[PDB]
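Novice: Going down the list, the sequences are from chains B and A. Numbered by the deposited numbering, the letters in the first sequence go through residues 1 to 312, 320 to 352 in order. Numbered by the deposited numbering, the letters in the second sequence go through residues 2 to 287, 295 to 344 in order. First, the structure itself, so that you have it in front of you.
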Amino acid sequence: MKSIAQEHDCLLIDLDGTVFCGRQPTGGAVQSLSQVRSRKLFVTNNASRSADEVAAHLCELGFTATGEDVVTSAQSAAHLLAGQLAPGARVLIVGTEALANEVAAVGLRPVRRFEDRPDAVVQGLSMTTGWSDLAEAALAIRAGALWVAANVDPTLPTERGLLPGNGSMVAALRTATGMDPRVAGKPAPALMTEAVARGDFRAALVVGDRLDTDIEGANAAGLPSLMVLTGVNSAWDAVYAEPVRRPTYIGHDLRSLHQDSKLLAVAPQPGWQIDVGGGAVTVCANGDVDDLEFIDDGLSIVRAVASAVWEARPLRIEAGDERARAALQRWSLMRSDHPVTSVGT
Amino acid sequence: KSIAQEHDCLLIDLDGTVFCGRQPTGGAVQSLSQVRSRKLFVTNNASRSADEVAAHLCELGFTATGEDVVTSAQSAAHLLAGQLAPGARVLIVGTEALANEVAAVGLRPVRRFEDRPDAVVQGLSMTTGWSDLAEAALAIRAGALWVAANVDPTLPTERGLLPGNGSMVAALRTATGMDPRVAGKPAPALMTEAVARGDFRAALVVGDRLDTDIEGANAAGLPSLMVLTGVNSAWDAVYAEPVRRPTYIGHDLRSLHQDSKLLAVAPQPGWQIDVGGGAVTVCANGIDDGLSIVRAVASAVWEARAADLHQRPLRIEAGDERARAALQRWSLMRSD
Ligand SMILES: [Ca+2]
Ligand SMILES: [Ca+2]
Ligand SMILES: [Ca+2]
Ligand SMILES: [Cl-]
Numbered sequence: 001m002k003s004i005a006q007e008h009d010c011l012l013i014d015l016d017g018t019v020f021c022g023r024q025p026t027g028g029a030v031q032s033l034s035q036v037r038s039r040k041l042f043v044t045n046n047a048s049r050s051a052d053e054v055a056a057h058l059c060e061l062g063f064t065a066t067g068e069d070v071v072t073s074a075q076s077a078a079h080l081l082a083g084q085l086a087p088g089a090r091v092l093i094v095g096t097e098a099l100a101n102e103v104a105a106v107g108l109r110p111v112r113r114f115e116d117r118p119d120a121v122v123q124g125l126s127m128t129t130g131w132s133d134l135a136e137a138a139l140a141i142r143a144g145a146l147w148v149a150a151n152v153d154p155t156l157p158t159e160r161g162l163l164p165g166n167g168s169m170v171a172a173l174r175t176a177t178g179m180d181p182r183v184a185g186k187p188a189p190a191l192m193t194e195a196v197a198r199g200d201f202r203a204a205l206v207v208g209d210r211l212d213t214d215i216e217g218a219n220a221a222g223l224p225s226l227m228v229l230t231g232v233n234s235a236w237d238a239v240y241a242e243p244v245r246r247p248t249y250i251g252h253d254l255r256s257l258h259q260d261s262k263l264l265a266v267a268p269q270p271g272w273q274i275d276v277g278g279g280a281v282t283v284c285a286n287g288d289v290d291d292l293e294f295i296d297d298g299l300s301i302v303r304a305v306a307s308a309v310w311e312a320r321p322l323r324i325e326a327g328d329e330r331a332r333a334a335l336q337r338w339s340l341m342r343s344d345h346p347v348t349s350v351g352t
Numbered sequence: 002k003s004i005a006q007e008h009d010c011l012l013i014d015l016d017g018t019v020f021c022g023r024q025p026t027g028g029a030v031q032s033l034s035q036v037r038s039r040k041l042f043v044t045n046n047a048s049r050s051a052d053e054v055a056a057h058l059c060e061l062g063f064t065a066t067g068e069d070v071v072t073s074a075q076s077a078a079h080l081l082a083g084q085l086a087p088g089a090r091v092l093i094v095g096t097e098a099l100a101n102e103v104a105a106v107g108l109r110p111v112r113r114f115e116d117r118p119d120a121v122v123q124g125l126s127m128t129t130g131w132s133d134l135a136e137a138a139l140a141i142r143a144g145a146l147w148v149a150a151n152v153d154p155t156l157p158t159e160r161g162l163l164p165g166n167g168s169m170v171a172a173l174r175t176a177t178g179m180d181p182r183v184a185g186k187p188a189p190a191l192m193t194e195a196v197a198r199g200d201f202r203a204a205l206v207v208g209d210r211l212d213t214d215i216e217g218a219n220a221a222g223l224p225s226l227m228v229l230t231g232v233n234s235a236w237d238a239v240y241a242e243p244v245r246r247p248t249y250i251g252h253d254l255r256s257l258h259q260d261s262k263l264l265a266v267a268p269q270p271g272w273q274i275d276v277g278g279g280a281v282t283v284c285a286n287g295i296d297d298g299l300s301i302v303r304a305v306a307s308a309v310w311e312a313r314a315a316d317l318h319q320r321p322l323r324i325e326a327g328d329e330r331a332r333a334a335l336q337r338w339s340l341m342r343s344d
């Protein structure tokens, strides 16, 4: 009767494929959020832009947001460091002035080179970061500096294609030093716990499309999650997800915010009978062949299969009739490592 | 009859071997001035031009020209020319010296993905940044052929160990999921190209680093002389896996004027060795430049461990006080 969005006093919406499709907002995103009355907080693992800059770009894209609605990993990385370093302690910045400013804001002293004697290194993406900047960081790390990364995402999605992410720049430093950083952003629960503490919200919901950041982060933070299937492998990835990466709910896109949570939950489904046995999970359709009473948002079979697989090397997804067959293939759940498509790329 | 007199040309590693930082290695200048075989100076770095590297050598007191130097940039260029059509566009990550070596083999150096490269070549430049890596990552993902000058994780300097080409390669591997072809040491082509340069029949590699100089030499089918002025120690030589084992060991470049029989890793008259009970145990009984015991110990360990199987390291022990002092000099014993 109520929508899932109405069951929550705030939404932590991931700023990845969940809301952006490169150039434009994702299909249905702006319309859906405009009808949400609860607080909308936009959370990003990107530490390159200030909260205000993120908000301005969101507005440009047709969304409504101010800096107060944006939470970034620059902020959580600064808090992580400030919680274990002394007041005024020096921190070498790899990244933008936005990152440096977040460090300054929590009582620490941002610094740009090894000879300035940093106690720590904080690393976020900047498109002007270069070899010499990394050389300063490598010296600091070798001399025992605490090393915090905003995220370890290998790529940065853009219009041009997939470019090196902060995770790529971390890898260079890992090769140079033999060390790994501590990650302040997702999947660490602090970013989300900080978002919730900002407005003292009591019934928060995580909304995102990445199992290893959004969903794992949510589970780590003890919050429920709505996973949206933005990618071709999202359905498959959900089904085969390890326990800490399992979402509470599964939706197609942000239209799901106005659907009933009971319909969205990963659970057994009335339209699908599942038989688990002999290394396989076999799915059969329930109604008469021309019965449409069980067709709702199209994702009921994914919820069914995920639920059967979660309650226990990997099980094979198999069809027990024509309808299951077509519905499994719609969600690319029938594979021989990749789903066969009509035209190959 | 010295070891240098037994070879057409010497493939001499630069840093750690010829010089260490600001200074030439002990006796290097005099020893090289008296060798009459061809001296090629060989470097895994692709940042500096052959002329720049020669200029540096001159500044330290070694007369050398551009033609006496072999770089990874040159090896990378040759590799590209063997895989690409003439005039093919190659995106450069690294210095203009690298871009020029690519042009020199008839390829077209380029900087952007929009220039539609067929390949990416990667060497270190201290001005390479995110934007440069972004361009190369696009090319690599779209299927461009990817060559790396070297895959060394670090670059040693006056101020410490800084990020090397291998670190920058690691960034692109993470961004793309792809892996480059490696042009420099220990890939043998760098060295087997250097011998072609003069059609030499009996070359010798000289270097300090087991995982580049010596591994490269063995892959190239060339014999090798390890010096101890650089990265690796006598301990490291003893425990070197089969692919990184040198033919000869000496203190420094003065060894080029010693008899090759004296330098060879092999049994020695002065040192009796018993292998067994998890130990190599050494006794004295019966020329020495001081490395005789190391050559004896390495030979025994290598003979006992023919293949790179994950086996228990043999411990090195003394059966008398003479062997104890000599083993301790090279840090070949363990205590608690
Ligand atoms: Ca009602
Ligand atoms: Ca219906
Ligand atoms: Ca060397
Ligand atoms: Cl290089």
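Where a beta carbon is used, it is the ideal one built from N, C-alpha and C, also for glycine.
Compare the C-beta of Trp147/A against all C-beta atoms of chain B and say whether one is closer than 8 Å.
Specialist: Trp147/A does not count as touching chain B.
Novice: Hey, is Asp253/A close to ligand 3, as in C-beta under 7 Å from one of its heavy atoms?
Specialist: No.
Novice: Where does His8/B land, buried or exposed, given buried means 16+ other C-beta within 10 angstroms?
Specialist: That one is buried.
Novice: Contact defined as beta carbons within less than 8 Å: I believe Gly185/A pairs with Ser48/A. What is the distance between those atoms, to the nearest angstrom?
Specialist: Not a contact, Cβ separation roughly 12 Å.
Novice: If the cut-off is 8 Å on Cβ atoms, which residues from the region 27-61 of chain B count as contacting chain A, listed in chain order?
Specialist: Listed by position, the residues of the region 27-61 of chain B near chain A (Cβ gap below 8 Å) amount to none.
Novice: Check the Cβ of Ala135/B against every Cβ in chain A and list those closer than 7 Å, keeping chain order.
Specialist: Those are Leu163, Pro164, listed as they occur along chain A.
Novice: With which residues is residue 319/B paired in a DSSP beta bridge?
Specialist: Residue 319/B cannot be placed in this structure, since chain B goes from 312 to 320 without the numbers between.
Novice: In whole angstroms, give me the CA-to-CA distance for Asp153/B and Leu108/A.
Specialist: Going by the C-alpha atoms only, they are around 35 Å apart.
Novice: To the nearest angstrom, how far is the alpha carbon of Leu322/A from that of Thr44/B?
Specialist: When rounded, the distance between both Cα atoms is 53 Å.
Novice: Taking 8 Å as the threshold (beta carbon to beta carbon), is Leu85/A in contact with chain B?
Specialist: So no, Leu85/A is outside the interface.
Novice: In chain order, what residues of the same chain have a beta carbon less than 6 Å from the beta carbon of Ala203/A, not counting five sequence neighbours either side?
Specialist: Excluding residues within five positions, the ones whose Cβ falls inside 6 Å are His8, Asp9.
Novice: Evaluate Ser168/A with the Cβ neighbour count: other Cβ atoms within 10 Å of its Cβ, from every protein chain shown; 16 or more gives buried, anything less gives exposed.
Specialist: Classification for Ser168/A: buried.
Novice: Cβ of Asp296/B versus every heavy atom of ligand 2: is any distance shorter than 7 Å?
Specialist: Result yes, Cβ under 7 Å from ligand 2.
Novice: Answer yes or no: the CB of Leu80/A versus the heavy atoms of ligand 4, is any distance below 7 Å?
Specialist: No.
Novice: In chain A, what lies closer than 9 Å to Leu139/B by C-beta?
Specialist: Residues of chain A passing the Cβ test: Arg160, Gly161, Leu162, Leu163.
Novice: Answer with buried or exposed for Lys40/B, where buried requires no fewer than 16 other C-beta atoms within 10 angstroms of its C-beta.
Specialist: It is buried - the Cβ of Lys40/B has at least 16 other Cβ atoms within 10 Å.
Novice: Does the beta carbon of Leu263/B fall short of 7 Å from some heavy atom of ligand 2?
Specialist: Not so, every heavy atom of ligand 2 lies at least 7 Å from the Cβ.
Novice: Given this structure, state the Cα-to-Cα distance separating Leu33/A from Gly83/A, to the nearest angstrom.
Specialist: Roughly 34 Å separates the two Cα atoms.
Novice: Of all Cβ atoms in chain A, is any one closer than 8 Å to the Cβ of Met169/B?
Specialist: Interface residue, yes.
Novice: Taking DSSP as the reference, what is the three-state secondary structure of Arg112/A?
Specialist: DSSP places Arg112/A in coil when its eight states are reduced to three.
Novice: May I ask you to check if the CB of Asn46/A is nearer than 7 Å to at least one heavy atom of ligand 4?
Specialist: Under cutoff, so the answer is yes.
Novice: How would the residue list near ligand 3 read, in chain order, if you kept each one whose beta-carbon is closer than 6 Å to any heavy atom?
Specialist: Any residue whose Cβ sits closer than 6 Å to a heavy atom of ligand 3 makes the list: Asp14/A, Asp16/A, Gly17/A, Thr18/A, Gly208/A, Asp209/A, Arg210/A, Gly231/A.
Novice: Residues of chain A with a CB under 7 Å from the CB of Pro154/B: which are they?
Specialist: What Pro154/B touches in chain A: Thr175, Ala176.
Novice: In terms of residue numbering, what span does the alpha helix (DSSP H) encompassing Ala190/B cover?
Specialist: That run of the alpha helix (DSSP H) goes 190-199.
Novice: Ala172/A versus chain B: which residues are under 7 Å apart at the beta carbon?
Specialist: Those within 7 Å of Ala172/A in chain B are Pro164, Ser168, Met169, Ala171, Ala172.
Novice: At the level of alpha carbons, what is the spacing between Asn151/B and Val228/A?
Specialist: Cα to Cα, the separation comes out at about 44 Å.
Novice: Hey, does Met127/A have any beta-carbon neighbour from chain B nearer than 8 Å?
Specialist: By this cut-off, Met127/A is an interface position.
Novice: Beta carbon of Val283/A, beta carbon of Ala331/A: below 8 Å?
Specialist: Cβ distance < 8 Å, so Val283/A and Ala331/A count as in contact.
Novice: List, in chain order, every chain B residue whose beta-carbon is nearer than 8 Å to that of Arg142/A.
Specialist: By Cβ distance, chain B contributes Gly161, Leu162.
Novice: Report yes if the C-beta distance between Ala314/A and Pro268/A is below 8 Å; otherwise report no.
Specialist: No, the Cβ-Cβ distance between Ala314/A and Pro268/A is not below 8 Å.
Novice: Alpha carbon to alpha carbon, what distance is there between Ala195/A and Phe42/A?
Specialist: Going from the Cα of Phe42/A to the Cα of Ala195/A covers about 9 Å.
Novice: Please check the pair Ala138/B and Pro164/A, which I expect to be a contact at CB under 8 Å, by giving their CB distance rounded to whole angstroms.
Specialist: So it is a contact: roughly 5 Å between Cβ atoms.
Novice: What did DSSP end up calling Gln336/B once you bin it into helix, strand or coil?
Specialist: Helix, per DSSP.
Novice: Using the DSSP secondary-structure output, state which residues sit across from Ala120/B in a beta bridge.
Specialist: DSSP output for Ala120/B lists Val91/B, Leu146/B as bridge partner(s).
Novice: Taking the alpha-carbon of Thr193/A as reference, which of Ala326/A, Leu11/A, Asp328/A, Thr66/A has the nearest alpha-carbon?
Specialist: When only C-alpha atoms are compared, the closest one is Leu11/A.
Novice: Thinking C-alpha only, which one of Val309/A, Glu329/A, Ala326/A, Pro247/A is nearest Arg320/A?
Specialist: For the residues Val309/A, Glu329/A, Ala326/A, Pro247/A, the minimum Cα distance to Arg320/A belongs to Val309/A.
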